[PDB]
Amino acid sequence: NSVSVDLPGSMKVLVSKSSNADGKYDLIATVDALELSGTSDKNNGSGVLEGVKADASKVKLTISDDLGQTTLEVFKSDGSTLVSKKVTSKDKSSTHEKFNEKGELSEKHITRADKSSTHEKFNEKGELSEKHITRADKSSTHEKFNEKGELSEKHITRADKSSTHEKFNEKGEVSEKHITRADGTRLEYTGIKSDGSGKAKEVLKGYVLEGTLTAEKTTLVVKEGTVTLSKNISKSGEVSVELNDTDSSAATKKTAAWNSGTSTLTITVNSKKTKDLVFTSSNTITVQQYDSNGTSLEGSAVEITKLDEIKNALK
């Protein structure tokens, strides 16, 4: 007396086995703890089923003739002013729409078979205020729009959980850029001027490096005495480090050479190597001393954990 066929949207329809009075098989379903009722001339499960919520919201479920699609709409008392709509296909793709208290589109979520998704939010003028695109690898593009329809903020996340976020001022210029690396370290670019120059902070485990940003490169600076160490990061993220010492004295002046194969800075004082500073691909720094004669390294490299240790290595 009751065949139940499952529908797209994780729903079920229970249909009469045969004609009752008229040649229409009965259909009843329960969606979100509410019972729906409708009559169709087919034995599929196809047709329409209507109901009324506790707050008098009108609910209508329409099942495609071929069972491949469901459309669940929540109207208001009038049956016209929409509250919510959900369209779900057999491949489990879905569209979920929310509407404001006026029936105008407020939000729209689209979900696909691979669990990729798009989320759109709309403002009181019907303009797209936010758009979130989430790919199947969990990579994402999140955009926020100002009242003029232009970008206020853009944030891109990659599959490895690295990210780049850009904030735009009222003139369309990037004013702040924040980067979170896959390993958890971070870059903060603030006060970006109209030529792309600005202030730069690299947040590492245990310490923060500070410096400047140009469109060309980022340069972080540590100073101790007359010694300035400059850590440069290219447009490509390539790290290169240089050192300059204004020390008058030829006996005490520090010079340094950069090894691009190892990302290692070798400091030298009075013709003898003193220490190797390694800038790891893990965005850490290690320091290892040379022997008395400065020809071979000694002991084991020790990871830098505070800014003062970098300065101590520059003394």
# chains A, B, ... in the order shown; residues from 1 in each chain; ligands from 1

call {"tool": "residues_around", "arguments": {"residues": "residue A:236", "least_positions_apart": "5", "cutoff": "12 Å", "atoms": "only C-alpha atoms", "output": "ChimeraX atom specification"}}
result
/A:215-218

call {"tool": "residues_around", "arguments": {"residues": "stretch 142-156 of chain A", "least_positions_apart": "5", "cutoff": "6 Å", "atoms": "only C-alpha atoms", "output": "PDB file with N, CA and C atoms, in the first residue's frame"}}
result
ATOM      1  N   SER A 129      27.913  41.106  -2.863  1.00  0.00           N
ATOM      2  CA  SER A 129      28.789  41.660  -1.837  1.00  0.00           C
ATOM      3  C   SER A 129      29.985  40.761  -1.544  1.00  0.00           C
ATOM      4  N   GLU A 130      29.783  39.447  -1.515  1.00  0.00           N
ATOM      5  CA  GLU A 130      30.872  38.500  -1.326  1.00  0.00           C
ATOM      6  C   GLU A 130      30.676  37.316  -2.258  1.00  0.00           C
ATOM      7  N   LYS A 131      31.795  36.774  -2.720  1.00  0.00           N
ATOM      8  CA  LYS A 131      31.794  35.566  -3.571  1.00  0.00           C
ATOM      9  C   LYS A 131      32.912  34.636  -3.082  1.00  0.00           C
ATOM     10  N   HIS A 132      32.544  33.431  -2.678  1.00  0.00           N
ATOM     11  CA  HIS A 132      33.505  32.414  -2.196  1.00  0.00           C
ATOM     12  C   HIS A 132      33.479  31.218  -3.142  1.00  0.00           C
ATOM     13  N   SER A 163      48.405  30.961   1.903  1.00  0.00           N
ATOM     14  CA  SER A 163      47.389  31.940   1.545  1.00  0.00           C
ATOM     15  C   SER A 163      48.009  33.308   1.320  1.00  0.00           C
ATOM     16  N   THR A 164      47.317  34.109   0.513  1.00  0.00           N
ATOM     17  CA  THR A 164      47.659  35.502   0.261  1.00  0.00           C
ATOM     18  C   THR A 164      46.378  36.318   0.323  1.00  0.00           C
ATOM     19  N   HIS A 165      46.346  37.313   1.206  1.00  0.00           N
ATOM     20  CA  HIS A 165      45.192  38.190   1.367  1.00  0.00           C
ATOM     21  C   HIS A 165      45.595  39.622   1.045  1.00  0.00           C
ATOM     22  N   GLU A 166      44.776  40.296   0.240  1.00  0.00           N
ATOM     23  CA  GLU A 166      45.014  41.674  -0.171  1.00  0.00           C
ATOM     24  C   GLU A 166      43.844  42.542   0.261  1.00  0.00           C
ATOM     25  N   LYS A 167      44.144  43.649   0.932  1.00  0.00           N
ATOM     26  CA  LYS A 167      43.148  44.658   1.259  1.00  0.00           C
ATOM     27  C   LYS A 167      43.353  45.865   0.355  1.00  0.00           C
ATOM     28  N   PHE A 168      42.252  46.416  -0.146  1.00  0.00           N
ATOM     29  CA  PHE A 168      42.284  47.522  -1.091  1.00  0.00           C
ATOM     30  C   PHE A 168      41.706  48.773  -0.446  1.00  0.00           C
TER      31      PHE A 168
END

call {"tool": "closest_residue", "arguments": {"among": "A:207, A:179, A:65, A:279", "to": "residue A:242", "atoms": "only C-alpha atoms"}}
result
A:279

call {"tool": "residues_around", "arguments": {"residues": "residue A:110", "least_positions_apart": "2", "cutoff": "6 Å", "atoms": "only C-alpha atoms", "output": "list in words"}}
result
residues 94, 95, 117 and 118 of chain A

call {"tool": "atom_distance", "arguments": {"atom1": "atom CA of residue A:294", "atom2": "atom CA of residue A:265"}}
result
14.2 Å

call {"tool": "atom_distance", "arguments": {"atom1": "atom CA of residue A:84", "atom2": "atom CA of residue A:98"}}
result
4.6 Å

call {"tool": "atom_distance", "arguments": {"atom1": "atom CA of residue A:225", "atom2": "atom CA of residue A:186"}}
result
27.6 Å

call {"tool": "residues_around", "arguments": {"residues": "residue A:245", "least_positions_apart": "2", "cutoff": "12 Å", "atoms": "only C-alpha atoms", "output": "ChimeraX atom specification"}}
result
/A:222-230,242-243,247-250,252-256,267-269,314-315

call {"tool": "write_last_selection", "arguments": {"atoms": "C-alpha atoms", "output": "PDB file, in the first residue's frame"}}
result
ATOM      1  CA  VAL A 222      68.669  43.244  11.662  1.00  0.00           C
ATOM      2  CA  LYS A 223      71.245  45.681  13.042  1.00  0.00           C
ATOM      3  CA  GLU A 224      73.844  45.227  15.781  1.00  0.00           C
ATOM      4  CA  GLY A 225      76.613  47.758  16.244  1.00  0.00           C
ATOM      5  CA  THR A 226      77.806  48.883  12.820  1.00  0.00           C
ATOM      6  CA  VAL A 227      76.635  45.606  11.242  1.00  0.00           C
ATOM      7  CA  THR A 228      73.455  45.517   9.158  1.00  0.00           C
ATOM      8  CA  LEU A 229      72.142  42.151   7.983  1.00  0.00           C
ATOM      9  CA  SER A 230      69.617  42.376   5.142  1.00  0.00           C
ATOM     10  CA  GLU A 242      73.636  40.318   2.519  1.00  0.00           C
ATOM     11  CA  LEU A 243      75.667  42.002   5.251  1.00  0.00           C
ATOM     12  CA  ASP A 247      83.026  49.411  11.207  1.00  0.00           C
ATOM     13  CA  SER A 248      85.996  51.617  10.606  1.00  0.00           C
ATOM     14  CA  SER A 249      88.430  48.979  11.742  1.00  0.00           C
ATOM     15  CA  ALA A 250      89.915  46.524   9.159  1.00  0.00           C
ATOM     16  CA  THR A 252      87.098  43.942  13.343  1.00  0.00           C
ATOM     17  CA  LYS A 253      85.015  44.613  10.220  1.00  0.00           C
ATOM     18  CA  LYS A 254      82.554  41.870   9.248  1.00  0.00           C
ATOM     19  CA  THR A 255      82.105  40.848   5.618  1.00  0.00           C
ATOM     20  CA  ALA A 256      79.963  38.031   4.279  1.00  0.00           C
ATOM     21  CA  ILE A 267      80.564  35.799   7.834  1.00  0.00           C
ATOM     22  CA  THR A 268      84.293  36.626   7.868  1.00  0.00           C
ATOM     23  CA  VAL A 269      86.350  38.852  10.174  1.00  0.00           C
ATOM     24  CA  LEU A 314      76.273  39.835  14.392  1.00  0.00           C
ATOM     25  CA  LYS A 315      78.431  41.144  17.265  1.00  0.00           C
TER      26      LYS A 315
END
